[PDB]
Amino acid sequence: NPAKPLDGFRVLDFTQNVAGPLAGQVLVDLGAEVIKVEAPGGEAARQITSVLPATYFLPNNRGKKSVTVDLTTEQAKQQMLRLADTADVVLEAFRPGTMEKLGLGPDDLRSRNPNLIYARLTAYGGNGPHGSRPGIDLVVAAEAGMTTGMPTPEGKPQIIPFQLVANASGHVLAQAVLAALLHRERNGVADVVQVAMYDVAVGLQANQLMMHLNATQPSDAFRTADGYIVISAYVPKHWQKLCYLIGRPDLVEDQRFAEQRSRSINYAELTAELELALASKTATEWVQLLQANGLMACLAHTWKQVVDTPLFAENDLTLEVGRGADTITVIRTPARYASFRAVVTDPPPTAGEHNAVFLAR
């Protein structure tokens, strides 16, 4: 078995739910030893099994070790202190100021261990009174303005039905941890790392938020004879090729849509004109025509459809964990490497599985 980037490193994962464990999952896939620190009875996400025939817990805790502990007790605190002494990285995703209360804060652990990298993941940053609140993917996203510009028939704010902020924050946190490890390796500095879910959500909208601190058409989903097609062809070469393929050469030199900046302003009329031409063929027919001509177009798939597409199978996105009846298919982490496989087939640990190994007597 080939060497991995993080072989020999030890991580203490004090995190729960999605964002924090996902970062740990990435570190596991890169070969680190990641030990979950859970409350008695295991992490609460373990019991949140909304599937019957473990959604949040299972895909993010493969190959991890586990210790179970009651951080109310002094005994526990001392065990964590001794365990932290042997750790390279500590991951915590509690409310700001929580870890300090437990006596396991940055100053507490780093005083004992000068090689320890301390990574903190919070909802809002904890840089002041406003950032002290606890948060979750839904609340953080809405507060960061991710519902903006999306109208609903009921007038209700659009809720994005997947954990976009939490999953993105996990990769950003893992990114920062890897950066800190490089910083320690090259410059001999064991740093304190901070990632805020709010900051990550703001970064995902940065181009749009930029306009208020100081689009590009055609790029939308268009109605056809049957179904919808998603087309992106705003550059002059593609925009022109598009007009020819749909049989509308007049649109190319049309004063409303002649210039790129002009198309964006007159998006409403542009949509009407395009959908008028697209009425000739079904969305499937249009997609095949445009793709053959090198234009960017596709169908808007559902989740059920996506897993069944040839492209999905082509990218080797899934792996199986467990022995037989309890074998579940999970999605791998996205980054791929040539010299090793960034995946682990070992299942998640039972709560406190490694208490004997890691907790001092």
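Residue numbers run from 1 along the displayed sequence.
Where coordinates are absent for parts of the deposited sequence, a chain break appears; between neighbours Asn214 and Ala215 it spans 10 or more residues.
Per the record, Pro53 and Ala54 are separated by a gap of 4 to 9 residues from the deposited sequence that were not modelled.
The mean C-alpha temperature factor is higher for 106-114 when 165-173 and 106-114 are set side by side. Once the C-alpha B-factors are averaged per stretch, 293-301 and 38-46 rank with 38-46 first. As recorded in the PDB entry, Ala325 shows the highest C-alpha B-factor of the residues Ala313, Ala325, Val26, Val330. Highest CA B-factor among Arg223, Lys101, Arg120, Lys281, as stated in the entry: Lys101. Among the modelled residues of the chain, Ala351 sits in the highest third by CA temperature factor in this PDB entry.
Split the chain's modelled residues into thirds by C-alpha temperature factor. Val321 is in the highest one. For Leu138, the recorded CA temperature factor ranks within the lowest third of the chain's modelled residues. Ranked by Cα temperature factor within the chain, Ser232 sits in the lowest third according to the deposited record. Ranked by Cα temperature factor within the chain, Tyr198 sits in the lowest third according to the deposited record.
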